[PDB]
Amino acid sequence: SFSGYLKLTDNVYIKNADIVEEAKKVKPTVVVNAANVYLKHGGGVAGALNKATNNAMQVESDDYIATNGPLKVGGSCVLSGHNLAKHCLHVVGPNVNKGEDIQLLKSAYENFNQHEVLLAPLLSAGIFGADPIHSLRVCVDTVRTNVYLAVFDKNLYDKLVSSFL
């Protein structure tokens, strides 16, 4: 299973890791993608996960969007995990840099409750512009299923652990 995680709560675990390398190592049932409503996996975690799939995630995502239209901010869809996981849960956290309502972060994390165990990044963190300390707080207060958080940045990981209440 998952190794080297620090236990934050009964169900939330955290590690300083590259989520792509973590997904390849573990091949979890579910890897969470920090998706946008269009499933355009250009950068951040989405760009990295997509590049690891040799663009198969993007090809599948474009077919999903062509059939279903865009996701809602706070929403999700389950697609293939390709070479990274059984499934990829594409979750759309609010993008603060696009003026999206930060209150939608709790709705975004609620999607995780539909899966018993997940490998995930902090939603709305990084290029999505939200405070990662706030994202971790919303995660612990919303997610009830087992969530293994991968935080790429060592300095951010240390700040998250040392400030965790």
# chains A, B, ... in the order shown; residues from 1 in each chain; ligands from 1
>>> residues_around(residues="residue 146 in chain A", least_positions_apart="3", cutoff="10 Å", atoms="only C-alpha atoms", output="list in words")
residues 9, 10, 11, 12, 13, 112, 113, 115, 116, 117, 118, 119, 143 and 149 of chain A
>>> residues_around(residues="residue 131 in chain A", least_positions_apart="5", cutoff="10 Å", atoms="only C-alpha atoms", output="NGL selection string")
:A and (96 or 102 or 122-126 or 136)
>>> select_by_dssp(residues="range 25-135 of chain A", states="helix (DSSP H, G or I)", output="ChimeraX atom specification")
/A:25-26,44-52,56-68,96-98,104-114,126-128,132-135
>>> closest_residue(among="A:18, A:110, A:158, A:100", to="residue 130 in chain A", atoms="only C-alpha atoms")
A:100
>>> closest_residue(among="A:133, A:23, A:77, A:120", to="residue 145 in chain A", atoms="only C-alpha atoms")
A:120
>>> decode(residues="range 127-158 of chain A", atoms="N, CA and C atoms", output="short mmCIF file (atom, residue, chain, number, x, y, z; two decimals), in the first residue's frame")
data_model
loop_
_atom_site.label_atom_id
_atom_site.label_comp_id
_atom_site.auth_asym_id
_atom_site.auth_seq_id
_atom_site.Cartn_x
_atom_site.Cartn_y
_atom_site.Cartn_z
N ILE A 127 -1.02 26.27 -9.05
CA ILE A 127 -1.45 27.21 -10.07
C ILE A 127 -2.92 27.59 -9.97
N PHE A 128 -3.71 26.90 -9.12
CA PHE A 128 -5.11 27.28 -8.90
C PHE A 128 -5.24 28.49 -7.92
N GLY A 129 -4.13 28.90 -7.28
CA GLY A 129 -4.12 30.13 -6.50
C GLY A 129 -4.60 30.17 -5.07
N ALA A 130 -5.15 29.07 -4.55
CA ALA A 130 -5.66 29.11 -3.17
C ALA A 130 -4.54 28.84 -2.18
N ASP A 131 -4.76 29.21 -0.91
CA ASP A 131 -3.80 28.97 0.15
C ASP A 131 -3.80 27.47 0.44
N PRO A 132 -2.67 26.78 0.25
CA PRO A 132 -2.64 25.34 0.53
C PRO A 132 -2.93 24.95 1.98
N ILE A 133 -2.61 25.84 2.95
CA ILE A 133 -2.94 25.57 4.35
C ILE A 133 -4.48 25.51 4.51
N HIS A 134 -5.17 26.43 3.84
CA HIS A 134 -6.63 26.44 3.84
C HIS A 134 -7.15 25.17 3.13
N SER A 135 -6.54 24.78 2.00
CA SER A 135 -6.96 23.57 1.29
C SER A 135 -6.85 22.32 2.16
N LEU A 136 -5.75 22.18 2.91
CA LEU A 136 -5.56 21.03 3.79
C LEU A 136 -6.61 21.00 4.91
N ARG A 137 -6.96 22.18 5.43
CA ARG A 137 -7.96 22.33 6.49
C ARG A 137 -9.32 21.89 5.95
N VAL A 138 -9.68 22.37 4.75
CA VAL A 138 -10.96 21.96 4.13
C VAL A 138 -10.94 20.46 3.86
N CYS A 139 -9.82 19.92 3.38
CA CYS A 139 -9.69 18.49 3.17
C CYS A 139 -9.97 17.67 4.44
N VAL A 140 -9.28 17.99 5.54
CA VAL A 140 -9.46 17.25 6.78
C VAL A 140 -10.88 17.40 7.33
N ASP A 141 -11.50 18.57 7.15
CA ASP A 141 -12.85 18.81 7.65
C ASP A 141 -13.98 18.34 6.72
N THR A 142 -13.64 17.85 5.51
CA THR A 142 -14.65 17.44 4.55
C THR A 142 -14.55 15.97 4.18
N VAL A 143 -13.35 15.50 3.87
CA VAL A 143 -13.13 14.14 3.45
C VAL A 143 -13.20 13.18 4.63
N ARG A 144 -14.01 12.14 4.49
CA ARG A 144 -14.16 11.10 5.51
C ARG A 144 -13.54 9.78 5.10
N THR A 145 -13.30 9.60 3.78
CA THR A 145 -12.64 8.42 3.28
C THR A 145 -11.11 8.59 3.41
N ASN A 146 -10.34 7.52 3.13
CA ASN A 146 -8.89 7.57 3.32
C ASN A 146 -8.18 8.31 2.21
N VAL A 147 -7.62 9.49 2.51
CA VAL A 147 -6.97 10.31 1.49
C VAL A 147 -5.47 10.50 1.76
N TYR A 148 -4.65 10.08 0.79
CA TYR A 148 -3.20 10.13 0.84
C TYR A 148 -2.78 11.29 -0.02
N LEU A 149 -2.40 12.38 0.63
CA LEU A 149 -2.02 13.60 -0.02
C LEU A 149 -0.56 13.62 -0.40
N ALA A 150 -0.28 13.92 -1.67
CA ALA A 150 1.07 14.09 -2.17
C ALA A 150 1.31 15.61 -2.36
N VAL A 151 2.31 16.16 -1.67
CA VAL A 151 2.65 17.57 -1.77
C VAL A 151 4.01 17.61 -2.42
N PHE A 152 4.07 18.12 -3.64
CA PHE A 152 5.31 18.13 -4.42
C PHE A 152 6.45 18.94 -3.78
N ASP A 153 6.11 20.14 -3.34
CA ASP A 153 7.06 21.11 -2.78
C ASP A 153 7.47 20.77 -1.33
N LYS A 154 8.78 20.43 -1.04
CA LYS A 154 9.25 20.09 0.32
C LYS A 154 9.01 21.23 1.31
N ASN A 155 9.29 22.46 0.89
CA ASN A 155 9.11 23.63 1.74
C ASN A 155 7.64 23.84 2.10
N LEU A 156 6.74 23.62 1.13
CA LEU A 156 5.31 23.71 1.40
C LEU A 156 4.88 22.55 2.30
N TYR A 157 5.36 21.32 2.04
CA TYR A 157 5.05 20.16 2.87
C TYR A 157 5.40 20.43 4.35
N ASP A 158 6.61 20.98 4.58
CA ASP A 158 7.05 21.29 5.95
C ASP A 158 6.17 22.34 6.60
#
